[PDB]
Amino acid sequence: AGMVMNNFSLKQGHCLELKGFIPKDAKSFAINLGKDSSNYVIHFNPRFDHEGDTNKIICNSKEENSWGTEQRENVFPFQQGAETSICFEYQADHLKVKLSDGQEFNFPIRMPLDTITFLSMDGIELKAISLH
């Protein structure tokens, strides 16, 4: 399984930047942010070829281990065998996801939330995390 960070605090109006290396044979990778392993405010899942999706980003929420409604984005500035950096900005009722090429999209926050305290990731090798 991937790597987990817990009991940091990402507060409203701030962003968490992740930089990582995507393996050359990656079919997908996921970065999860939320409250614990059962509660993801965002599951951010770029898919190269996975679950029938080619070069799409699938986002979803997970509340008490139940997936919500998926959000599909055609933006896809990712390459296999390369570094990528993504910023997750926390606003009252949505996360703003900021990509390395300047493209951005919002994802609604569907669950009660004070601070973001949990991160996990899978399919991508950590290079750096930082809080702004």
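In this text, residue numbers run from 1 along the sequence as written.
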Item to check | Mean C-alpha temperature factor, higher of 90-98 and 55-63 | outcome: 90-98
Checklist entry - On average, which has the higher Cα B-factor in the deposited entry, 68-76 or 35-43? => result 68-76
Checklist entry - Lowest, middle or highest third: where is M5 by C-alpha B factor in its chain? => result lowest
Checklist entry - Among the modelled residues of its chain, does the C-alpha B-factor of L119 lie in the lowest, middle or highest third? => result lowest
